[PDB]
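Below: the structure, in structure tokens.
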Amino acid sequence: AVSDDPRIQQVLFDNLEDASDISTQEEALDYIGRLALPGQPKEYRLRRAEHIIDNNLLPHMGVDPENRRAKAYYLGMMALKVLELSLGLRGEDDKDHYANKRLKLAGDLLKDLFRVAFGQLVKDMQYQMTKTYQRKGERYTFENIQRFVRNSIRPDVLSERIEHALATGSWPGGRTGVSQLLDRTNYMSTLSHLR
Amino acid sequence: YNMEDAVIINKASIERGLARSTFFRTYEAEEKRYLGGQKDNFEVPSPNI
Amino acid sequence: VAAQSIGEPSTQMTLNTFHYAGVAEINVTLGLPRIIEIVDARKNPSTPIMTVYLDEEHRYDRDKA
Amino acid sequence: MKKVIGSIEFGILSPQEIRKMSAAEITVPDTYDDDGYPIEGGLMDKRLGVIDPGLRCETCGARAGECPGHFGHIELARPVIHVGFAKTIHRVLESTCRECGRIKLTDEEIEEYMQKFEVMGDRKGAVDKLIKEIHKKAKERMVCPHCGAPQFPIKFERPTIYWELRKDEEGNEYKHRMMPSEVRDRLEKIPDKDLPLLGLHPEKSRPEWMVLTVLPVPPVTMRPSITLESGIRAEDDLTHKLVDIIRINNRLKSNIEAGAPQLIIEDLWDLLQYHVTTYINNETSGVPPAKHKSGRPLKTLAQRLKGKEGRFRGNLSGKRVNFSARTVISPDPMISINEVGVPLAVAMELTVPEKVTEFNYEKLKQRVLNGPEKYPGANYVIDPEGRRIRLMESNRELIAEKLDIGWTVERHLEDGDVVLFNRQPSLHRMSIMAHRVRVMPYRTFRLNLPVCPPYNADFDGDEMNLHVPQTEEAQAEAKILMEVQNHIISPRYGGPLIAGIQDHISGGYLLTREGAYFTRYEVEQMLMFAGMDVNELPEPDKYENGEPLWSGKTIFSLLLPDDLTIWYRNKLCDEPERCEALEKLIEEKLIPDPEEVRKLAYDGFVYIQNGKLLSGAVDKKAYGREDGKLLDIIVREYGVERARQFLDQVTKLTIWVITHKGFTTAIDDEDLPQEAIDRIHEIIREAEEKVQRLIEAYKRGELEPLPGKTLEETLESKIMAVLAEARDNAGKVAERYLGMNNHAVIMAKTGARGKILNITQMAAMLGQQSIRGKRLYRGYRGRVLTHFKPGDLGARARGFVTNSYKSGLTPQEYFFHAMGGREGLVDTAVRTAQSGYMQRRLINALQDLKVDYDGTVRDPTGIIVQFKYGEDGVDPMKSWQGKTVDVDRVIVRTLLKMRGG
Amino acid sequence: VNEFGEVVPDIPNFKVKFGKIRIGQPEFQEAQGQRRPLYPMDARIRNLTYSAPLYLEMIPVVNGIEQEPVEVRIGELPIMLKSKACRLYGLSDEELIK
Amino acid sequence: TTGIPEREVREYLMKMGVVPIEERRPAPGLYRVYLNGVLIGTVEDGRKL
Ligand SMILES: [Mg+2]
Ligand SMILES: [Zn+2]
Ligand SMILES: [Zn+2]
């Protein structure tokens with residue numbers, strides 16, 4: 001999967017021979033939950049690695065255990081790049097070149113804000129409806145949800161969480177200084193501040 | 001009186017208009033409503049203590 | 001007064017012609033960070049040099065130096 | 001009767017002491033309770049401290065305002081190991097033998113280590129080595145000399161539990177737990193004679209007191225109850241944890257004394273051990289922080305005295321101060337070198353106490369009568385009792401009656417009060433200097449221009465602060481020891497620091513050039529502008545051909561005293577032979593006639609003889625911030641007070657000529673004719689073609705590479721040297737053609753905002769453009785900008801500007817110049833950062849040293865750092881360029897004054 | 001909104017399907033609800049928040065069959081000035097002055 | 001840049017001659033075409049495409 005080129009291929013049998021003989025299959029998966037949590041969790045051992053592999057290794061390709069098989073091929077290709085440079089094949093990518101730098105402007109940032117806020121609403125809406133089932137029991141049949149809904153939204157929730165995060169400049173992700181107050185002295189400044 | 005970055009300005013020129021400018025500020029006194037039911041009431045404070 | 005007189009020129013420690021037109025001494029870490037290294041102990045220090053002079057036979061001849 | 005603090009002797013509080021210094025036993029575990037009538041019988045004001053509007057205390061009344069809190073105690077039912085001494089307790093326990101009290105050493109061994117205790121009684125560092133050797137030697141033994149050795153088990157530690165791997169059946173090694181009671185009863189056997197052989201004291205710090213038996217309670221005043229919004233009492237952390245102590249304590253005594261199920265004692269004991277550990281230090285090791293029901297960790301004692309933001313750097317060692325002002329500065333060279341202008345608005349908000357005695361009684365009566373409004377008024381009056389009476393409200397007449405000597409009036413600042421001045425950052429020593437107040441109408445501080453190298457100030461909005469000392473001892477001290485005139489020479493190097501700046505130097509040149517004939521009207525007008533005050537001796541009119549008029553040298557000569565003989569070559573010379581034709585006529589004669597060859601003068605060899613400037617011209621070798629050997633000599637030979645008048649009168653003189661004579665710079669000052677322009681152009685063509693030839697040599701593999709560097713770097717190294725010559729070669733052409741008699745080069749050669757390098761950089765090549773050493777490499781994959789062909793290492797491609805600032809930069813070249821200009825911007829703000837921290841190190845290491853009267857530098861522990869200061873004995877503020885007395889100067893000076901007559 | 005889609009509750013009858021969002025016009029209801037149009041100049045002077053309502057339709061899916069989508073507001077989203085949906089878009093010079 | 005959905009892109013290249021990953025050696029095959037870092041397909045002649 002890495003490469004069919006013989007010169008590059010001869011530098012991988014070494015690495016292969018040293019470790020693949022010691023660890024068989026699926027026991028490395030066991031070692032993750034071992035190394036993660038020190039203290040006997042026997043059942044939990046396998047399952048912790050599932051959490052770690054799926055929620056950390058390349059989450060842009062997938063989150064289910066079936067998606068692993070795809071990242072597999074992907075991970076190989078990434079590794080290849082490293083090995084050839086030690087043999088000399090390319091020229092180190094300078095990270096200040098504007099081809100590999102992209103700006104996330106005001107549009108895309110506000111999406112990340114709206115997503116978390118809308119998530120909190122849906123979660124608060126679920127709990128409320130459940131806490132209205134035991135004390136009210138049965139109402140009119142097809143108009144159960146059609147009233148359960150409106151009583152259990154309290155709209156102010158989504159609204160406030162949008163303002164207070166944008167007006168203080170401390171976003172939920174951890175970034176700060178996202179919003180500044182528009183510097184208004186002498187026309188040239190405002191126009192300059194917008195860019 | 002102009003050494004090391006100072007500048008001398010014609011007196012008459014100031015006095016006829018050059019570089020005159022105005023500063024502005026604005027205050028925002030509101031009317032808070034306490035939860036207990038009382039309110040502020042903007043009245044001339046009665047000469048008391 | 002000894003502390004202040006030695007800590008004042010560090011502020012006025014501007015550049016020099018770092019790329020001189022010379023050959024022999026090369027990259028000896030001049031500037032303000034040099035002063036910091038001698039003021040501290042540090043067994044290790046970056047780019048050491050030792051100077052060797054010669055006696056009265058090797059003093060004026062290329063093949064013997 | 002008003003003593004001062006001699007010493008401080010630290011130690012350990014004994015249980016015995018804690019009972020007398022306690023005011024009451026705290027027993028009720030509660031706080032206030034509730035919203036009205038806050039008085040309990042345990043932890044609150046049970047003769048402990050007052051905080052409420054209720055006067056009750058321990059008999060002394062003494063309301064909450066100004067009432068030092070009193071301590072309490074808690075009689076702990078069982079002994080408790082102090083966490084802070086744990087590590088030391090180990091050193092004591094496993095180094096001595098149980099039941100006896102001996103240090104497990106024979107008498108002989110003990111006897112001889114006594115003699116190492118008197119020889120080491122001052123150096124804390126080298127005694128710690130000797131304690132640990134005893135420590136290490138005792139730990140590896142099992143044979144006490146006073147119990148016959150019955151097999152001594154070994155101790156354990158970490159974090160606060162102890163064990164002993166004994167034997168009891170036949171060969172077992174069970175781990176018997178250790179209780180504080182057990183430990184305590186074993187330490188009281190160690191006799192008092194042995195504590196010096198350990199790390200303790202017999203009277204101040206007994207070892208058994210390390211096991212806490214009584215806990216002293218902090219007073220009420222140190223435990224304030226902050227309020228949250230407006231009705232919530234967010235209790236203090238100390239109070240809560242103390243309350244927690246009494247709640248477990250109270251159940252403890254009742255639960256063991258009545259029923260004894262044994263099991264409870266084990267759990268309850270360690271919890272108390274756990275709990276006390278948090279009170280001493282909440283950030284301890286191995287101890288879950290006991291928080292309040294909110295998530296906020298409690299800051300106990302070890303987070304109170306310290307925790308990187310406690311009470312040394314925060315409120316003790318640094319404060320804002322009173323009696324100050326802060327504003328912008330603007331220049332005015334018409335006041336004396338030490339005076340300062342204070343805006344009249346600031347003068348009325350700052351006062352000084354005066355203490356009327358008998359000779360200024362008349363003056364002050366008028367001041368206090370004038371009230372707080374007019375300028376010579378007053379604000380307060382202080383009676384001998386101490387109550388300050390404010391002169392504002394409705395009348396000031398009845399105050400200004402018979403004043404009665406001994407009172408004190410706070411008058412506004414008048415002309416002559418001493419005031420300091422600060423720039424802030426206070427880098428060198430000279431940044432705070434005492435000035436003399438002069439008051440003028442407007443709103444800036446006026447600072448005389450030569451005092452603006454020491455502050456390192458400019459004038460584009462920089463702000464300065466001024467504070468006014470008050471007490472008579474302090475005020476006097478400031479005027480005698482810190483005034484400006486005592487600081488013309490800098491302690492860093494042997495040279496003058498306060499001197500002429502930009503216009504002062506350049507104007508001095510125009511006044512003293514060959515042919516500066518000033519008509520009679522001007523001379524007369526300018527001696528009245530420079531303070532000096534002469535009688536009817538302008539005399540005698542050197543040239544009367546055109547009109548009766550005056551040579552420039554004689555007007556300048558009216559300032560130097562009548563005996564200064566000095567001679568030195570200066571910067572403006574350009575003909576080393578004509579200087580030397582005159583250099584022998586001073587040696588072999590020492591007093592010639594002025595007429596022969598001194599009137600065959602040069603413009604660069606300053607010759608002054610007995611108060612008369614025969615030959616030479618004045619530039620930055622007389623005045624100025626760097627070395628000037630005229631102002632220098634006049635402060636050594638003729639005290640300090642003379643120098644300020646000579647400095648002051650030179651300034652106002654030199655300015656008056658420069659103003660009335662005209663000193664502009666136009667745009668034609670940088671212009672060269674057509675022939676000289678073509679001369680530069682052929683140089684840039686050849687230099688480019690030389691670089692091309694080297695590149696072609698690199699391609700064909702005939703390189704001939706330099707020794708050290710690799711082939712790729714040899715190419716670059718050769719190229720940079722080729723172009724640096726070509727830029728400087730163009731500069732030689734610029735220093736050759738445009739004459740020395742225009743108003744721009746004049747500024748460059750004398751030293752008044754000059755460098756010949758930038759005047760040439762305005763009419764010739766700029767040169768290469770570098771970034772921290774290498775040439776421009778950072779760009780696209782194979783080139784710098786996208787306007788050149790990929791793979792061009794040529795001169796023009798890799799950043800070499802050919803056009804000057806006059807003719808104008810092209811788009812490629814202009815962008816290259818920006819890359820070189822950002823370098824200077826970034827650096828200057830970064831270099832300051834490392835300097836400031838570095839200075840804090842050396843100040844906090846050397847501030848203790850003083851010079852004793854016998855000339856010896858001693859540190860505060862009497863360890864002599866240097867026999868005869870600084871390789872004796874001349875102070876760097878008064879020494880001559882590293883040397884001392886200077887025999888070469890003294891000989892010529894005294895021999896000339898006597899032989900000349 | 002297409003990522004969440006369907007979700008819970010623990011009672012197996014009900015469900016809620018997420019429909020389509022429409023973005024209204026900038027309006028505000030003060031004390032004693034009276035919906036009136038808002039302009040930017042008026043908003044900055046009295047401490048308001050220049051925003052527009054967000055309306056979502058939710059589909060009660062009982063036992064599998066759909067019977068009645070209901071559109072219900074959720075709150076207020078801050079609209080950028082001189083953007084597309086804000087009332088100042090493609091307005092003539094004389095009307096901006098007025 | 002504004003933004004364009006990945007759908008219309010992928011198809012249009014593929015329809016025009018992009019040879020899917022199922023055929024590669026690859027090196028040395030005069031290949032590797034990338035779409036936002038995602039290695040999808042190969043082609044035949046570089047200058048042509
Ligand atoms: Mg400044
Ligand atoms: Zn008291
Ligand atoms: Zn014994």
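Scheme for the structure tokens: letters A, B, ... for chains in order shown; per-chain residue numbers from 1; ligand numbers from 1 in order shown.
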Spatial neighbours of residue F:11, max dist 12 Å, only C-alpha atoms, sep filter under 6 positions, as a PyMOL selection string: chain F and resi 5+17-18+20+40-41
Mind the document's chain letters and residue numbers, and return as a VMD selection string the residues of stretch 783-856 of chain D that DSSP labels alpha helix (DSSP H). chain D and resid 811 to 846
So that I can check the surroundings of residue B:8, please list as a list in words every protein, DNA and RNA residue that reaches within 12 Å of it, counting only C-alpha atoms and ignoring chain neighbours fewer than 6 positions away. residues 1, 2 and 14 of chain B; 330, 331 and 332 of chain D
Emit the selected residues as a PDB file, in the first residue's frame, including N, CA and C atoms.
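Produced file again06.pdb, reproduced below:
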```pdb
ATOM      1  N   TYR B   1      13.714  77.244  19.307  1.00  0.00           N
ATOM      2  CA  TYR B   1      12.535  76.819  19.995  1.00  0.00           C
ATOM      3  C   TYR B   1      11.903  75.749  19.165  1.00  0.00           C
ATOM      4  N   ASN B   2      12.557  75.374  18.071  1.00  0.00           N
ATOM      5  CA  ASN B   2      12.113  74.298  17.208  1.00  0.00           C
ATOM      6  C   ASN B   2      13.124  73.173  17.072  1.00  0.00           C
ATOM      7  N   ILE B  14      -3.434  80.741  13.651  1.00  0.00           N
ATOM      8  CA  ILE B  14      -4.281  80.090  14.646  1.00  0.00           C
ATOM      9  C   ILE B  14      -5.541  80.887  14.860  1.00  0.00           C
TER      10      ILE B  14
ATOM     11  N   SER D 330       7.807  70.413  26.112  1.00  0.00           N
ATOM     12  CA  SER D 330       8.202  71.200  24.954  1.00  0.00           C
ATOM     13  C   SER D 330       9.435  72.036  25.283  1.00  0.00           C
ATOM     14  N   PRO D 331      10.309  72.306  24.315  1.00  0.00           N
ATOM     15  CA  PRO D 331      11.569  73.012  24.592  1.00  0.00           C
ATOM     16  C   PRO D 331      11.481  74.522  24.733  1.00  0.00           C
ATOM     17  N   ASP D 332      12.563  75.107  25.343  1.00  0.00           N
ATOM     18  CA  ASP D 332      12.847  76.543  25.508  1.00  0.00           C
ATOM     19  C   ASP D 332      14.288  76.829  25.956  1.00  0.00           C
TER      20      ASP D 332
END
```
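Selecting all polymer residues at most 6 Å from ligand 1, using only C-alpha atoms and all ligand atoms, gives residues 457, 458, 460 and 462 of chain D.
Between atom CA of residue D:89 and atom CA of residue D:308 the separation is 27.8 Å.
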Strand (DSSP E or B) call set, DSSP backbone run, chain E, as JSON, numbers by chain: {"E": [16, 17, 18, 19, 20, 21, 22, 23, 27, 28, 29, 35, 36, 37, 51, 52, 53, 54, 55, 56, 57, 58, 59, 60, 61, 62, 65, 66, 70, 71, 72, 73, 74, 75, 76, 77, 78]}
Please dump the current selection as a PDB file, in the first residue's frame; keep C-alpha atoms.
```
ATOM      1  CA  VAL E  16     -39.522  15.206  15.300  1.00  0.00           C
ATOM      2  CA  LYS E  17     -38.340  15.634  11.697  1.00  0.00           C
ATOM      3  CA  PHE E  18     -36.474  18.857  10.831  1.00  0.00           C
ATOM      4  CA  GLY E  19     -37.850  20.752   7.826  1.00  0.00           C
ATOM      5  CA  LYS E  20     -36.660  24.003   6.214  1.00  0.00           C
ATOM      6  CA  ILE E  21     -35.412  27.341   7.569  1.00  0.00           C
ATOM      7  CA  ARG E  22     -36.586  30.721   6.282  1.00  0.00           C
ATOM      8  CA  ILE E  23     -35.023  34.022   7.409  1.00  0.00           C
ATOM      9  CA  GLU E  27     -38.346  43.366  13.441  1.00  0.00           C
ATOM     10  CA  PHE E  28     -38.639  43.818  17.192  1.00  0.00           C
ATOM     11  CA  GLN E  29     -41.498  43.404  19.721  1.00  0.00           C
ATOM     12  CA  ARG E  35     -44.030  43.969  15.763  1.00  0.00           C
ATOM     13  CA  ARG E  36     -42.635  47.024  13.966  1.00  0.00           C
ATOM     14  CA  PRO E  37     -39.891  47.312  11.308  1.00  0.00           C
ATOM     15  CA  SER E  51     -31.438  41.049  14.380  1.00  0.00           C
ATOM     16  CA  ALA E  52     -33.987  38.948  12.486  1.00  0.00           C
ATOM     17  CA  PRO E  53     -36.205  36.002  13.540  1.00  0.00           C
ATOM     18  CA  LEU E  54     -35.327  32.404  12.644  1.00  0.00           C
ATOM     19  CA  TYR E  55     -38.366  30.203  11.783  1.00  0.00           C
ATOM     20  CA  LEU E  56     -38.092  26.382  11.759  1.00  0.00           C
ATOM     21  CA  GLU E  57     -40.712  23.812  10.716  1.00  0.00           C
ATOM     22  CA  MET E  58     -40.838  20.614  12.776  1.00  0.00           C
ATOM     23  CA  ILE E  59     -42.617  17.444  11.685  1.00  0.00           C
ATOM     24  CA  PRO E  60     -44.330  15.301  14.360  1.00  0.00           C
ATOM     25  CA  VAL E  61     -43.842  11.738  13.119  1.00  0.00           C
ATOM     26  CA  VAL E  62     -46.189   9.627  15.242  1.00  0.00           C
ATOM     27  CA  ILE E  65     -47.099   8.582   9.505  1.00  0.00           C
ATOM     28  CA  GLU E  66     -46.721  12.351   8.999  1.00  0.00           C
ATOM     29  CA  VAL E  70     -45.593  23.306  12.440  1.00  0.00           C
ATOM     30  CA  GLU E  71     -43.409  26.368  11.827  1.00  0.00           C
ATOM     31  CA  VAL E  72     -42.155  27.826  15.093  1.00  0.00           C
ATOM     32  CA  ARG E  73     -39.650  30.616  15.720  1.00  0.00           C
ATOM     33  CA  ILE E  74     -36.485  29.826  17.639  1.00  0.00           C
ATOM     34  CA  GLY E  75     -35.027  33.222  18.473  1.00  0.00           C
ATOM     35  CA  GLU E  76     -32.956  35.946  16.837  1.00  0.00           C
ATOM     36  CA  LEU E  77     -29.881  35.907  14.580  1.00  0.00           C
ATOM     37  CA  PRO E  78     -27.703  39.054  14.176  1.00  0.00           C
TER      38      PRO E  78
END
```
Which residues, written as a ChimeraX atom specification, have at least one atom at most 10 Å from residue A:45, with only C-alpha atoms counted and residues fewer than 6 positions away on the same chain left out? /A:29-37
The selected residues should be written to file as a short mmCIF file (atom, residue, chain, number, x, y, z; two decimals), in the first residue's frame (atoms: C-alpha atoms).
```cif
data_model
loop_
_atom_site.label_atom_id
_atom_site.label_comp_id
_atom_site.auth_asym_id
_atom_site.auth_seq_id
_atom_site.Cartn_x
_atom_site.Cartn_y
_atom_site.Cartn_z
CA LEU A 29 -5.43 -2.39 20.05
CA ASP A 30 -5.45 -3.97 23.50
CA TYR A 31 -2.22 -2.07 24.40
CA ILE A 32 -3.94 1.28 23.81
CA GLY A 33 -6.52 0.81 26.58
CA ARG A 34 -3.67 -0.64 28.65
CA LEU A 35 -1.38 2.38 28.10
CA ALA A 36 -4.31 4.82 28.45
CA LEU A 37 -5.68 3.71 31.83
#
```
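The two atoms in question, atom CA of residue D:554 and atom CA of residue B:4, are spaced 29.8 Å apart.
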Can you tell me which residues sit at most 6 Å away from ligand 3, counting only C-alpha atoms and all ligand atoms, written as a ChimeraX atom specification? /D:100,144-147
Could the residues in this selection be saved with C-alpha atoms as a PDB file, in the first residue's frame?
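The result, written out as selection-v5.pdb:
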```pdb
ATOM      1  CA  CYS D 100      18.908   6.586  75.838  1.00  0.00           C
ATOM      2  CA  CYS D 144      24.505   2.574  70.636  1.00  0.00           C
ATOM      3  CA  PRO D 145      27.114   3.197  73.365  1.00  0.00           C
ATOM      4  CA  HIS D 146      24.544   3.413  76.199  1.00  0.00           C
ATOM      5  CA  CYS D 147      22.089   0.533  75.654  1.00  0.00           C
TER       6      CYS D 147
END
```
Using only C-alpha atoms and all ligand atoms, what are the residues with an atom within 8 Å of ligand 2, set out as a list in words? residues 47, 48, 49, 50, 57, 58, 59, 60, 61, 62, 63, 67, 68, 69 and 70 of chain D
Between chain D and chain A, at 12 Å or less, what are the per-residue closest atom pairs and their distances in Å? Count only C-alpha atoms, order by chain and rising residue number, and return it as a tab-separated table.
```
residue	atom	partner	partner_atom	distance
D:778	CA	A:97	CA	9.2
D:779	CA	A:97	CA	7.7
D:780	CA	A:97	CA	7.7
D:781	CA	A:91	CA	9.4
D:782	CA	A:91	CA	11.2
D:784	CA	A:97	CA	11.8
```
For chain B against chain E, which residues fall within 12 Å using only C-alpha atoms, given as a ChimeraX atom specification? /B:26,28-30
With N, CA and C atoms retained, export the selected residues as a short mmCIF file (atom, residue, chain, number, x, y, z; two decimals), in the first residue's frame.
```
data_model
loop_
_atom_site.label_atom_id
_atom_site.label_comp_id
_atom_site.auth_asym_id
_atom_site.auth_seq_id
_atom_site.Cartn_x
_atom_site.Cartn_y
_atom_site.Cartn_z
N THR B 26 -20.55 61.62 25.19
CA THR B 26 -21.96 61.41 25.54
C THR B 26 -22.14 60.37 26.65
N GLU B 28 -24.69 57.95 29.31
CA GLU B 28 -25.82 57.03 29.10
C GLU B 28 -26.56 56.62 30.39
N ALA B 29 -27.04 57.61 31.14
CA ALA B 29 -27.80 57.37 32.37
C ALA B 29 -29.15 56.70 32.09
N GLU B 30 -29.33 55.46 32.54
CA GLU B 30 -30.57 54.71 32.35
C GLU B 30 -31.45 54.71 33.60
#
```
Please find the residues of chain C near chain D - the criterion being any atom within 8 Å, counting only C-alpha atoms - and write them as JSON, numbers by chain. {"C": [1, 3, 4, 5, 7, 8, 10, 11, 13, 14, 18, 19, 21, 36]}
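Remark: for residue D:604, the closest of the candidate residues D:519, D:213, D:654, D:750 is D:750 (distances computed over only C-alpha atoms).
The environment of stretch 118-133 of chain A within 10 Å, counting only C-alpha atoms and disregarding residues fewer than 3 places along the same chain, consists of residues 113, 114, 115, 136, 137, 138, 139, 145, 148, 149, 151, 152, 153, 154, 155, 156, 157, 158, 159, 161 and 162 of chain A; 1, 4, 7, 8, 9, 10, 11 and 74 of chain E.
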Go ahead and dump the residues you just picked, N, CA and C atoms, as a short mmCIF file (atom, residue, chain, number, x, y, z; two decimals), in the first residue's frame.
```cif
data_model
loop_
_atom_site.label_atom_id
_atom_site.label_comp_id
_atom_site.auth_asym_id
_atom_site.auth_seq_id
_atom_site.Cartn_x
_atom_site.Cartn_y
_atom_site.Cartn_z
N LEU A 113 -19.99 29.07 15.42
CA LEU A 113 -20.76 29.60 16.54
C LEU A 113 -22.17 29.06 16.54
N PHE A 114 -22.86 29.15 15.41
CA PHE A 114 -24.25 28.72 15.31
C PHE A 114 -24.43 27.23 15.57
N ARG A 115 -23.46 26.41 15.17
CA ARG A 115 -23.55 24.96 15.38
C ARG A 115 -23.64 24.57 16.85
N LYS A 136 -48.09 15.43 33.05
CA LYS A 136 -49.27 15.74 32.26
C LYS A 136 -49.88 14.53 31.57
N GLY A 137 -49.14 13.43 31.48
CA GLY A 137 -49.69 12.16 31.04
C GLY A 137 -50.16 12.15 29.61
N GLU A 138 -51.48 12.14 29.43
CA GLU A 138 -52.11 12.11 28.12
C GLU A 138 -52.91 13.38 27.90
N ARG A 139 -52.76 13.95 26.72
CA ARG A 139 -53.59 15.02 26.20
C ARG A 139 -54.15 14.55 24.86
N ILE A 145 -47.75 16.46 20.60
CA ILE A 145 -46.53 17.12 20.18
C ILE A 145 -46.82 18.57 19.84
N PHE A 148 -46.81 20.06 23.13
CA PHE A 148 -45.53 19.74 23.75
C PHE A 148 -44.41 20.62 23.23
N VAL A 149 -44.39 20.85 21.90
CA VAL A 149 -43.37 21.68 21.27
C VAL A 149 -43.36 23.08 21.84
N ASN A 151 -44.70 24.72 24.29
CA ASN A 151 -44.43 24.94 25.70
C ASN A 151 -42.98 24.67 26.08
N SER A 152 -42.19 24.00 25.24
CA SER A 152 -40.90 23.48 25.69
C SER A 152 -39.74 23.94 24.80
N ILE A 153 -39.72 25.21 24.40
CA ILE A 153 -38.65 25.74 23.57
C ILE A 153 -37.88 26.85 24.27
N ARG A 154 -38.60 27.72 25.01
CA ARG A 154 -38.17 28.95 25.69
C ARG A 154 -37.06 29.63 24.89
N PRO A 155 -37.46 30.33 23.81
CA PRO A 155 -36.54 30.73 22.72
C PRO A 155 -35.31 31.50 23.11
N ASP A 156 -35.39 32.30 24.19
CA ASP A 156 -34.30 33.15 24.69
C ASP A 156 -32.95 32.45 24.78
N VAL A 157 -32.95 31.15 25.09
CA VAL A 157 -31.78 30.28 25.15
C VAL A 157 -30.85 30.40 23.95
N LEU A 158 -31.33 30.03 22.75
CA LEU A 158 -30.49 30.13 21.55
C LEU A 158 -30.02 31.56 21.28
N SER A 159 -30.91 32.55 21.48
CA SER A 159 -30.60 33.94 21.18
C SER A 159 -29.46 34.49 22.04
N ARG A 161 -27.08 33.05 23.93
CA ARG A 161 -25.81 32.38 23.64
C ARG A 161 -25.14 32.83 22.33
N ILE A 162 -25.85 33.49 21.42
CA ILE A 162 -25.24 33.97 20.19
C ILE A 162 -24.64 35.35 20.42
N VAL E 1 -28.26 21.92 9.81
CA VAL E 1 -29.48 21.28 10.30
C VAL E 1 -29.67 19.89 9.70
N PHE E 4 -28.06 16.92 12.28
CA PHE E 4 -28.85 16.40 13.39
C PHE E 4 -29.99 15.51 12.89
N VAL E 7 -33.72 12.61 16.14
CA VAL E 7 -32.94 12.36 17.34
C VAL E 7 -33.57 11.34 18.29
N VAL E 8 -34.16 11.81 19.38
CA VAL E 8 -34.74 11.00 20.46
C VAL E 8 -36.21 11.42 20.49
N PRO E 9 -37.05 11.27 21.59
CA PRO E 9 -37.08 10.80 22.99
C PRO E 9 -37.31 9.30 23.25
N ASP E 10 -37.16 8.96 24.53
CA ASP E 10 -37.28 7.60 25.05
C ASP E 10 -38.68 6.99 24.95
N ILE E 11 -39.72 7.80 24.77
CA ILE E 11 -41.07 7.30 24.52
C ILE E 11 -41.22 7.03 23.03
N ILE E 74 -37.46 30.36 16.71
CA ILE E 74 -36.49 29.83 17.64
C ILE E 74 -35.76 30.94 18.37
#
```
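Going from atom CA of residue D:353 over to atom CA of residue D:444, you cover 25.0 Å.
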Using only C-alpha atoms, determine which residues lie at most 10 Å from stretch 22-36 of chain F, disregarding the query and same-chain residues fewer than 2 positions distant; provide the list as a PyMOL selection string. (chain A and resi 3-5) or (chain F and resi 6+9-10+18-20+38-46)
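Close contacts of stretch 49-59 of chain C, defined as residues with an atom at most 10 Å away when counting only C-alpha atoms, with chain neighbours fewer than 5 positions off set aside, comprise residues 25, 28, 64 and 65 of chain C.
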Could those residues be written to a file, using N, CA, C and O atoms, as a PDB file, in the first residue's frame?
```pdb
ATOM      1  N   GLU C  25      37.839  34.376  11.810  1.00  0.00           N
ATOM      2  CA  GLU C  25      36.842  34.226  12.861  1.00  0.00           C
ATOM      3  C   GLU C  25      35.461  34.207  12.228  1.00  0.00           C
ATOM      4  O   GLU C  25      35.108  35.114  11.470  1.00  0.00           O
ATOM      5  N   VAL C  28      30.900  33.614  15.996  1.00  0.00           N
ATOM      6  CA  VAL C  28      31.387  33.504  17.364  1.00  0.00           C
ATOM      7  C   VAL C  28      30.353  34.017  18.381  1.00  0.00           C
ATOM      8  O   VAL C  28      30.657  34.138  19.572  1.00  0.00           O
ATOM      9  N   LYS C  64      55.446  25.782   8.244  1.00  0.00           N
ATOM     10  CA  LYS C  64      55.518  25.242   9.592  1.00  0.00           C
ATOM     11  C   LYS C  64      54.237  25.485  10.363  1.00  0.00           C
ATOM     12  O   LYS C  64      53.964  24.773  11.328  1.00  0.00           O
ATOM     13  N   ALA C  65      53.482  26.527  10.023  1.00  0.00           N
ATOM     14  CA  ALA C  65      52.222  26.737  10.720  1.00  0.00           C
ATOM     15  C   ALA C  65      51.190  25.703  10.303  1.00  0.00           C
ATOM     16  O   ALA C  65      50.358  25.290  11.118  1.00  0.00           O
TER      17      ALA C  65
END
```
